[PDB]
């Protein structure tokens, strides 16, 4: 019973705001291409790039949307397809999973499940998404496929960020953290995105006083004219294309690789949980995310990892406001105080536990289904030294992940131990 | 290493053609409400004894536009409401075009042997009764290259076979007339099933052939247009189909044993996926299903001629005739003959799609996958009713389809 990480390549993330945008200056990167980049490079890192593909036992696709973003689904066998002497690989099991945002961690969970079962010996997981297609207010209409469209659409054409735009005021009506605490997040996040080469919002960074209110270039944009002012553009994560694939193996599979559970290139995983809460009912604790807590305190407790021993984390914060409800679930911190221990440097690349060091969903990119997988690779690149530039001298042998689903209606967390 | 089946309830399937058509029609939220509450009920649990279902898998294929809503994993956690306590258990949603059901079961199957879970549930469902029929096929092209296969027609989905309809007529494997004895037989078996979509219909063979007008084609590919009928198109149908699964380790808590006269075991389960950027050069063959077959049962070494009852995911009669070539119960070079040997009928060797199949039972894309596993369960234990076969088995099989044979899931159900 041992789950391993052996590699995985992450693509460049694009969108408006990233000068890597095309507008009838060419034909932008397609979902078929976005997965082409993601997996060919995921293979390449691993000791195989040719007919040595024929050993990948299980394929899992963590796509969330494409039935309208590319008007096309069934991405399982699409992973079988995009290799093209480089097309031989076919007729291997392949599924597609969905969990709104945690579509990536769920995919890894499928291979995770596939691993211990004996279904497969060496598997791959692949996250990807394409939100750069058309209208921005229309895109949120297709993101309400995470919450009750029947009960939560009669709010606005921007109904998705409203769950937090209301939690933005629900928290201001509390003494846990302030609107000003939601400011020190973006600048820090946008800064970390300035360190990452392939970051979506790589070429931007402003003063804290601007990631606060008193702004106009980065304000809200909503329609809920009472919850409208209760968000900023600094809160909305990045509408971003981009893939993020990963290869996984077994101890039994290791023998064929010519490896051993020791190699200075792999990272092991011994704790992995998951959870899902009702979406027909929203949190009575608008000042809490409960589904992530289960996925945390249950996961690592299998490995009994003391959260204060954590060295580097990655979270699926859809929003800065959601980012501040992370460390309450991820037991590395506690409750009753959020926007203080963040300025203890326990979030920064030069401190206790640097979180979202590549920029996170604010500047790294948020390809809904590729955001899930990438974190597992974000704590891999630093635990082995591949992040580059934004590589931390603070070296770990312990990591963690945190995936989000809707309004904390699905959660996936992990423990990455450098065995 | 033992996979079991312990129960599962299938809903009424509706649509145009079924007089159960409408009030405000049954919603996907309701379609899963019926499916799981009844899936629980059969099994020795309907209350707080839900809190033992370790893993939840959702085999929905479409809802992001059929109900403009996804994330059906935690939606399964939601629809219980003293009857809402169940929350905070793992739940995923899977997709594989049509084989979305078998893939879901595969996830729990995987979840079982892993030790992820001890007692799991799988649930298929779909809602294709929303709006326009020519518009619905536009949302079913999410199984094939919309970029390479949409410039054909607004009815582009049934064209893969409407072309295979002529590709096979240009061959000596089977004829257009062999694709006729299927529907009547299928529509007949659907007349035996109470909850069948197209339950209240059945015509003469001479009508499931051409020379018809009430059941003709309807396409736009004016050259491949005549090469299909309405008897071929499977049923645009709402309906859920849920199932509970367990482990030998889980069995001890149930108060059961791997013997019970209520359960069915599974010892063979495979899966496969082929490129959709490339279509079959053998338009007279489906290759992905063959792997899922000859690899699956070979784990249990089951001799296909010992098979007693099958269920297949035939999207079309034409696809139904390419089933027994993969499901090794029959062979190649002859298709529309051994079917009239009674080796498809409820009173013969291997009755297949005895409830009517995707032509009369219903085709809720994601619930069609799961239901077969329950279609060979109800007859192997005696729950089909009416259309229950005296020919009693201790061996069964499934066959799930994905796109144009781009995904396949097959099983072996042995009554242990």
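Chains as they are written, first to last, in this note's numbering: chain A, 1 to 419; chain B, 1001 to 1416. Each residue gets a CB set at the ideal place from its N, CA and C atoms; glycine is no exception.
### Task
Mind checking which residues open and close the beta strand (DSSP E) that includes residue 1395(B)?
Here residue 1395(B) refers to the residue found at position 395 of the second chain. Here the beta strand (DSSP E) through residue 1395(B) covers 1395-1402.
### Query
Quick one, which residues of the region 61-84 of chain A are near chain B if we go by CB-CB under 9 angstroms, in chain order?
If you check each beta-carbon in the region 61-84 of chain A against every beta-carbon of chain B, the ones closer than 9 angstroms belong to 61, 63, 64, 65, 66, 67, 68, 70, 71, 72, 73, 74, 75, 76, 77, 78, 79, 80, 81, 82, 83 and 84.
### Query
Residues bridged to residue 1238(B) by DSSP?
The sequence position of residue 1238(B) within the second chain is 238, counting from 1. Answer is 1014(B), bridged to residue 1238(B).
### Task
Measure from the alpha carbon of residue 207(A) to the alpha carbon of each residue in 220(A), 189(A) and 223(A), then state which is nearest.
Along the first chain, one-based indexing puts residue 207(A) at 207. Considering only alpha carbons, the answer is 189(A).
### Message
Please list the terminal residues of the continuous beta strand (DSSP E) segment that includes residue 416(A).
### Response
Start at 1 with the first residue of the first chain, and residue 416(A) comes out as number 416. Residues 410-417.
### Message
Under DSSP, the beta strand (DSSP E) around residue 127(A) begins and ends at which residues?
### Response
Counting from one through the first chain, the residue named residue 127(A) turns up at place 127. Run containing residue 127(A): 122-128, per the beta strand (DSSP E) assignment.
### Message
For a test of the three-state rule: what should DSSP assign to residue 1264(B), helix, strand or coil?
### Response
Numbered from its first residue, the second chain carries residue 1264(B) at position 264. It is a strand residue.
### Query
Applying the criterion that 16 or more other CB atoms from any shown protein chain within 10 Å of the CB defines a buried residue, is residue 214(A) buried or exposed?
In the first chain, counting from the first residue as 1, residue 214(A) sits at position 214. Exposed: under 16 other Cβ atoms inside 10 Å.
### Task
Express the C-alpha separation of residue 16(A) and residue 414(A) in angstroms, rounding to a whole number.
As a working mapping, residue 414(A) is identified with position 414 in the first chain. As a working mapping, residue 16(A) is identified with position 16 in the first chain. In this structure, the alpha-carbon of residue 414(A) lies about 32 angstroms from that of residue 16(A).
### Message
Going by beta-carbon coordinates alone, are residue 1395(B) and residue 1239(B) separated by less than 9 angstroms?
### Response
Translated into the one-based positions of the second chain, residue 1395(B) becomes position 395. Translated into the one-based positions of the second chain, residue 1239(B) becomes position 239. Annotated as distal: residue 1395(B) and residue 1239(B), with beta-carbon spacing of 9 angstroms or more.
### Message
Can you look up residue 1244(B) in the DSSP assignment and give me helix, strand or coil?
### Response
For the purposes of this step, residue 1244(B) is identified with residue 244 of the second chain, where counting begins at 1. DSSP places residue 1244(B) in strand when its eight states are reduced to three.
### Query
Given a limit of 8 angstroms on CB to CB distance, which residues of the region 91-116 of chain A reach chain B?
Those would be 91, 92, 93, 94, 95, 96, 97, 98, 99, 100, 106, 109, 110, 112, 113, 114, 115 and 116, in chain order.
### Message
I'd like the span of the beta strand (DSSP E) that includes residue 1060(B), first residue to last.
### Response
The sequence position of residue 1060(B) within the second chain is 60, counting from 1. According to the DSSP assignment, residue 1060(B) belongs to the beta strand (DSSP E) that extends over 1055-1060.
#### Entry: Simplified DSSP state of residue 183(A), which is helix, strand or coil
As a first step, residue 183(A) must be located in the first chain, where it is residue number 183. Here residue 183(A) sits in helix by DSSP.
### Query
Is any beta-carbon of chain D found at less than 9 angstroms from that of residue 148(A)?
No chain D appears in the structure shown, which is made up of the protein chains A and B.
### Query
Nearest-angstrom Cα distance between residue 1038(B) and residue 411(A)?
As a position in the second chain, residue 1038(B) is number 38, starting the count at 1. As a position in the first chain, residue 411(A) is number 411, starting the count at 1. Distance between the alpha carbons of residue 1038(B) and residue 411(A): 27 angstroms.
#### Entry: Chain-ordered chain B contacts of residue 274(A) [CB-CB under 7 angstroms]
By one-based count along the first chain, residue 274(A) stands at place 274. Close to residue 274(A), with beta-carbon spacing below 7 angstroms, are these residues of chain B in chain order: 1090.
### Task
Could you check if residue 192(A) is buried or exposed, using at least 16 other CB atoms within 10 Å of its CB as the buried criterion?
Here residue 192(A) refers to the residue found at position 192 when the first chain is read from its first residue. Under this definition residue 192(A) is a buried residue.
### Task
Flag residue 403(A) as yes if its beta-carbon sits less than 9 angstroms from any beta-carbon of chain B, otherwise no.
Indexing the first chain from 1 puts residue 403(A) at position 403. For residue 403(A), the answer is no, since every Cβ of chain B falls outside 9 angstroms of its Cβ.
### Task
Measure the CB-CB distance between residue 1397(B) and residue 1413(B) and report whether it falls below 9 angstroms.
Your numbering for residue 1397(B) matches position 397 in the second chain. Your numbering for residue 1413(B) matches position 413 in the second chain. In contact: residue 1397(B) and residue 1413(B) (Cβ atoms closer than 9 angstroms).
### Message
Measuring only the C-alpha atoms, how far is residue 221(A) from residue 232(A)?
### Response
Along the first chain, read from residue 1 onward, the residue named residue 221(A) stands at position 221. Along the first chain, read from residue 1 onward, the residue named residue 232(A) stands at position 232. So the two alpha carbons sit approximately 7 angstroms from each other.
### Message
Quick check: the region 335-352 of chain A against the region 85-100 of chain A, are at least 3 beta-carbon pairs closer than 8 angstroms?
### Response
The answer is no - the region 335-352 of chain A does not touch the region 85-100 of chain A, with fewer than three Cβ pairs under 8 angstroms.
### Query
Assuming residue 96(A) contacts residue 251(A) under a Cβ cut-off of 8 angstroms, what Cβ separation, rounded to an integer in Å, is found between them?
Taking the first residue of the first chain as 1, we reach residue 96(A) at position 96. Taking the first residue of the first chain as 1, we reach residue 251(A) at position 251. Rounded, the Cβ-Cβ distance is 28 angstroms, inconsistent with contact.
### Task
Identify whether residue 1004(B) lies in helix, strand or coil by the three-state DSSP scheme.
Position 4 of the second chain, counted from the first residue, corresponds to residue 1004(B). Three-state DSSP puts residue 1004(B) in a strand.
#### Entry: Residues that residue 277(A) contacts on chain B, provided the C-beta gap is smaller than 8 angstroms
Sequence index remark: in the first chain, residue 277(A) carries index 277 (1-based). Per Cβ cutoff of 8 angstroms: 1074, 1077, 1087 and 1088.
### Task
Only counting runs of 4 or more residues, tell me where the alpha helix (DSSP H) segments fall wholly within the region 173-227 of chain A, in order along the chain.
Segments of the alpha helix (DSSP H) lying fully in the region 173-227 of chain A: 183-195 and 208-211.
### Rounded C-alpha distance that separates residue 218(A) from residue 164(A)
By 1-based counting over the first chain, the position of residue 218(A) is 218. By 1-based counting over the first chain, the position of residue 164(A) is 164. Going by the C-alpha atoms only, they are around 17 angstroms apart.
### Task
Can you tell me which of 1036(B), 1067(B), 1193(B) and 1147(B) puts its alpha carbon nearest to the alpha carbon of residue 1383(B)?
On the second chain, position 383 is the one that residue 1383(B) refers to. Comparing Cα positions, the closest option is 1193(B).
### residue 272(A) in three-state terms, based on DSSP
Mapped onto the first chain, residue 272(A) falls at position 272. In the structure shown, residue 272(A) sits in a strand (DSSP, three-state: E or B).
### Query
How big is the Cα-Cα spacing for residue 968(B) and residue 1130(B)?
No answer is possible for residue 968(B): it lies beyond the span of chain B, which begins at 1001 and ends at 1416.
### Query
Taking Cβ to Cβ, would you say residue 311(A) is nearer than 9 angstroms to residue 104(A)?
Counted from its first residue, the first chain places residue 311(A) at position 311. Counted from its first residue, the first chain places residue 104(A) at position 104. Between residue 311(A) and residue 104(A), the C-beta gap is not smaller than 9 angstroms, which leaves the two residues out of contact.
### Query
What's the call for residue 49(A), buried or exposed, on a 16-neighbour Cβ count within 10 Å?
Your numbering for residue 49(A) matches position 49 in the first chain. With fewer than 16 Cβ atoms within 10 Å of its Cβ, residue 49(A) is classed as exposed.
### Cβ-based burial, residue 1332(B) [other Cβ within 10 Å; buried from 16]
Here residue 1332(B) refers to the residue found at position 332 when the second chain is read from its first residue. Classification for residue 1332(B): exposed.
### Query
Got a sec: is the Cβ-Cβ distance from residue 270(A) to anything in chain B below 9 angstroms?
Reading the first chain from its first residue, position 270 is the one you call residue 270(A). When Cβ-Cβ separations below 9 angstroms define contact, residue 270(A) makes no contact with chain B.
### Task
Can you grab the Cα-Cα spacing for the pair residue 1115(B) / residue 1226(B), in whole Å?
Indexing the second chain from 1 puts residue 1115(B) at position 115. Indexing the second chain from 1 puts residue 1226(B) at position 226. Answer to the nearest angstrom: the Cα atoms are 52 angstroms apart.
### Reference residue 1403(B); option with closest CA among 381(A), 73(A) and 14(A)
The residue given as residue 1403(B) occupies position 403 in the second chain. Distance check between residue 1403(B) and each of 381(A), 73(A) and 14(A) places 73(A) closest, using alpha-carbon atoms only.
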